[PDB]
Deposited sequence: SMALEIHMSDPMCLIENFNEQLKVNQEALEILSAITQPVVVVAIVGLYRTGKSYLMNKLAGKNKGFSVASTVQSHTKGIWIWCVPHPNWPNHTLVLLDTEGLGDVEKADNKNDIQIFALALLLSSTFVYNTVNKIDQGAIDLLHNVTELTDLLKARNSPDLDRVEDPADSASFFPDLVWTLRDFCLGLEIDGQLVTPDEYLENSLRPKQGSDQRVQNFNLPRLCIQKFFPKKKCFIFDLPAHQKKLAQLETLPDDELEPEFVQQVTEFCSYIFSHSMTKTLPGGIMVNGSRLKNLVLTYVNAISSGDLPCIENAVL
């Protein structure tokens, strides 16, 4: 359908306001939708990875400075690569913890909204699983209840996957980290390239990336394309683009 993404939810001075042009594109989708949203700290490769789910080299804009780039929530509606009569809806979002914004409540509001619209929720962190990232995920989850399948991605991962002398998979690392989201999954990613090639990463063909990184991305994408389910609402109703439009309006209005 769409050749580029567009802003679904604007955030100019921290006001969550829907964008009509994107809303109108949503309601013209009568197919069931798979909604994959991405959330994590800012400057963390989120936009760059989501473009991989689209199969295109560019899409959500990625930038290379210390300053945040993505604002609000962005949407890309494309045919599901495996699944006939299904549309893949990608939600790319403004990273949390931007020091120039310094507005945790706006952060929490963007988080909650991406978590409410998604059927697959991609939580993007760097190096390792941090307790603060778990606590934030938990707290937004509790707020989201009072008003999806978890894919925890670990970027620039090099620590030994080793707990008390035993080699573990990322999935077992994630499981070990959450002991005292029914469907959970955890994907690791190497440093995509050497550090001085990182700013131009978008323009680099697979040839010039870390070979393992390329396979880890294909692994991440294949899992999504073949396990991420149609967005579902209580009462065995299946969400199409029109119903997702209503949820966007419902949730935006309830948050503000």
| query | finding |
| --- | --- |
| In sequence order, the deposited-sequence ranges that have no modelled C-alpha atom | 1-6, 154-174, 208-228, 305-316 |
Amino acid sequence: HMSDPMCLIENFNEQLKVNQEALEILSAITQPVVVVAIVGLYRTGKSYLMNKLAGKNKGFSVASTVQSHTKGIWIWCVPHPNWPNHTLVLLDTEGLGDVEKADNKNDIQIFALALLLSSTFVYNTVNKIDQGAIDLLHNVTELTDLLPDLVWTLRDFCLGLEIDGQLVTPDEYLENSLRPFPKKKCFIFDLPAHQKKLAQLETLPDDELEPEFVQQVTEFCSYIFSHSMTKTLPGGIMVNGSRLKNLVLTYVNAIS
From here on, numbers count along this sequence of modelled residues.
item	value
Selected stretch [higher average CA B-factor]: 203-211 or 41-49	203-211
Between the two ranges 60-68 and 227-235, the one averaging a larger CA B factor in the entry	227-235
C-alpha B-factor winner, where the candidates are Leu191, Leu26, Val217, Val34	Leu26
CA B-factor ranking of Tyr173, expressed as a third of its chain	lowest
B-factor third for the C-alpha atom of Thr141 within its chain	middle
Chain-relative CA temperature factor third for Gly160	lowest
Third of the chain, ranked by Cα B-factor, where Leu147 sits	highest
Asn82 - which third its CA temperature factor falls in, relative to the rest of the chain	highest
